[PDB]
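S.K.: I would like to see how this sequence folds:
(one chain, ligands or ions: 1)
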Amino acid sequence: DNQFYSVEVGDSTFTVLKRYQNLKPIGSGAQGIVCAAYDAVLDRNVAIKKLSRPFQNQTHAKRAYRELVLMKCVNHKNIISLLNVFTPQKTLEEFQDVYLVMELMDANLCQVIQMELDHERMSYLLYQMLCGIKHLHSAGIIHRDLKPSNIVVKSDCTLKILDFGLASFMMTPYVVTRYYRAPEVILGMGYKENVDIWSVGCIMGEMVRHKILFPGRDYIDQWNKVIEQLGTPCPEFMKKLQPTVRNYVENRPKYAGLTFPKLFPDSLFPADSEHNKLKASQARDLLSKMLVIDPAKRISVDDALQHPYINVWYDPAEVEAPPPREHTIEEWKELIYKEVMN
Ligand SMILES: CCC(=O)c1c(-c2ccccc2)c2cc(Cl)ccc2c(=O)n1Cc1ccc(C(=O)O)cc1
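M.R.: Numbers count the residues shown, from 1 in each chain. Below is the structure:
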């Protein structure tokens, strides 16, 4: 007569509260598998994320702890909601796994990126990304690693960001996706809030091109793809780089870059009606202001929200919503356990 039961999901066991039924794996990330499930108590579908021994190293431990704390403070429609948290283990010494129960949506932004979207849906998704990032920024959280695999959407075009970013070493096969990180993250130069604007620009550009904008095996290839398309940065940008980094950037092959009309031609946009022709030119204008290498010249979150492509959605309830170190593995274990048990 225990509150829990176990089922096999791949080569992992999910041990969950009996209220959660008919689990089905929907995806996997760096922290492992997420299942969809029916919650018999709430009478709705939910997502269940299993953290296996998150205290096992600093990198897992710090993300798990941060995720728990921030999910409990933050309440915004464009940030994914935490519904419940549990461990099946009964004592700290027995403690192994943490299960996060989240609201469930319909699809990954990666799936939406593959679609041809009208301007109304495209702009509304972007508005919602900006709103969620704005709310984060107002709580002092700068995400720094926004990427489409970690944003989810519903059939009615509502959007939620799944994680809180952060930007080290783990011995797993999992490969971290870096295509969406800002120049200042890539070149390790320090950053402000509009570091996240670059990532939105990369996603928007990909929604249009249906190809990843700046792929690369690692930061070297990636920087190559940046300057080859946007062109070599100006001198005032060069001055803000650490000395070893500056020499490297100043010595790469030079490129003029492409115009934004060439980068995102009208053939990529809905452009049959006068409405869509105007929207395409507006979409291209915002792209030209987000995909800007020098953060001092890159558009801010607030100005982006005011941009004509975006501002048709503006709602102060949504935009100006009220805002909310290191240890050993044993220390992290108790921190996380304490958080879990409230
Ligand atoms: C590819 C999975 C995916 O996009 C996803 C993930 C996800 C994101 C990255 C890694 C792991 C999980 C997710 C994770 C948490 Cl914590 C909460 C909600 C979701 C979610 O709503 N979806 C959409 C979704 C929901 C059901 C199905 C389905 O029924 O097939 C497909 C997509």
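S.K.: how does this protein divide into domains?
M.R.: 4-106, 107-319 (curated CATH domains).
S.K.: packing partners for the helix or strand that contains residue 101?
M.R.: Assessed by DSSP states H and E, residue 101 sits inside strand 97-103. Packed against strand 97-103 by the contact rule (3 or more C-beta pairs under 8 Å, 6 or more residues apart in numbering; DSSP states H and E) you find strand 12-17, strand 44-52, helix 58-73, strand 82-86. From N, CA and C alone the C-beta is placed, and that goes for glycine too.
S.K.: Just the buried positions in the third one, please.
M.R.: Neighbour-count burial for helix 58-73 flags 58, 60-65, 67-68, 70-71 (criterion: 16 or more other C-beta atoms under 10 Å).
S.K.: do stretch 302-313 as well
M.R.: Neighbour-count burial for stretch 302-313 [16+ other C-beta under 10 Å]: 304-305, 307, 309-310, 313.
S.K.: Regarding it, how distant is the last residue from the first?
M.R.: The first residue of stretch 302-313 is 13 Å away from its last residue (C-alpha to C-alpha, to the nearest Å).
S.K.: just stretch 3-13 next, same as before
M.R.: Taking C-alpha to C-alpha as the criterion, the two ends of stretch 3-13 lie 16 Å apart.
S.K.: which residues sit against that stretch?
M.R.: 14-18, 23, 25, 32-33, 35, 50, 52, 88 (C-beta atoms under 8 Å, 6 or more residues apart in numbering).
S.K.: Adding neighbour count, write the residues you listed out as JSON lines.
M.R.: Below are those laid out as JSON lines (neighbours: other C-beta atoms under 10 Å):
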{"residue": "14", "neighbour count": "22"}
{"residue": "15", "neighbour count": "18"}
{"residue": "16", "neighbour count": "22"}
{"residue": "17", "neighbour count": "20"}
{"residue": "18", "neighbour count": "11"}
{"residue": "23", "neighbour count": "19"}
{"residue": "25", "neighbour count": "13"}
{"residue": "32", "neighbour count": "18"}
{"residue": "33", "neighbour count": "19"}
{"residue": "35", "neighbour count": "24"}
{"residue": "50", "neighbour count": "20"}
{"residue": "52", "neighbour count": "14"}
{"residue": "88", "neighbour count": "20"}
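S.K.: farthest pair in these?
M.R.: Greatest spacing in the contacts of stretch 3-13, by C-beta to C-beta: 18 and 32 (21.9 Å).
S.K.: quick one, which of the helices and strands packed on strand 97-103 is nearest to the ligand?
M.R.: strand 44-52 (3.4 Å; C-beta to the nearest ligand atom).
S.K.: that older thread, okay if I get the helices and strands packed on strand 97-103 as CSV plus distance to the ligand?
M.R.: Shown next, in CSV, are these (distance: least, C-beta to the nearest ligand atom, whole Å):
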stretch, distance to the ligand
strand 12-17, 13
strand 44-52, 3
helix 58-73, 10
strand 82-86, 9
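S.K.: Distance to residue 234 for those - can I get that in CSV?
M.R.: Shown next, in CSV, are the helices and strands packed on strand 97-103 (distance: least, C-beta to C-beta, whole Å):
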stretch, distance to residue 234
strand 12-17, 50
strand 44-52, 43
helix 58-73, 36
strand 82-86, 44
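S.K.: out of the ones you listed, which comes closest to residue 145?
M.R.: Across those, closest to residue 145 is helix 58-73 (C-beta to C-beta), at 10.8 Å.
S.K.: I'd like to know which elements the closest one is packed against.
M.R.: Other helices and strands packing on helix 58-73, by 3+ C-beta pairs under 8 Å, 6+ apart, are strand 82-86, strand 97-103, helix 329-340.
S.K.: try it again with 7 Å
M.R.: Applying 3 or more C-beta pairs under 7 Å, 6 or more residues apart in numbering; DSSP states H and E, we find helix 58-73 packed against strand 82-86, helix 329-340.
S.K.: Same list (these) but as TSV, adding mean neighbour count.
M.R.: Formatted as TSV, these follow (neighbours: other C-beta under 10 Å):
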stretch	mean neighbour count
strand 82-86	18
helix 329-340	17
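S.K.: Dump the ones you listed into JSON lines; add distance to residue 266 as well.
M.R.: Output for these, formatted as JSON lines (distance: least, C-beta to C-beta, whole Å):
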{"stretch": "strand 82-86", "distance to residue 266": "43"}
{"stretch": "helix 329-340", "distance to residue 266": "51"}
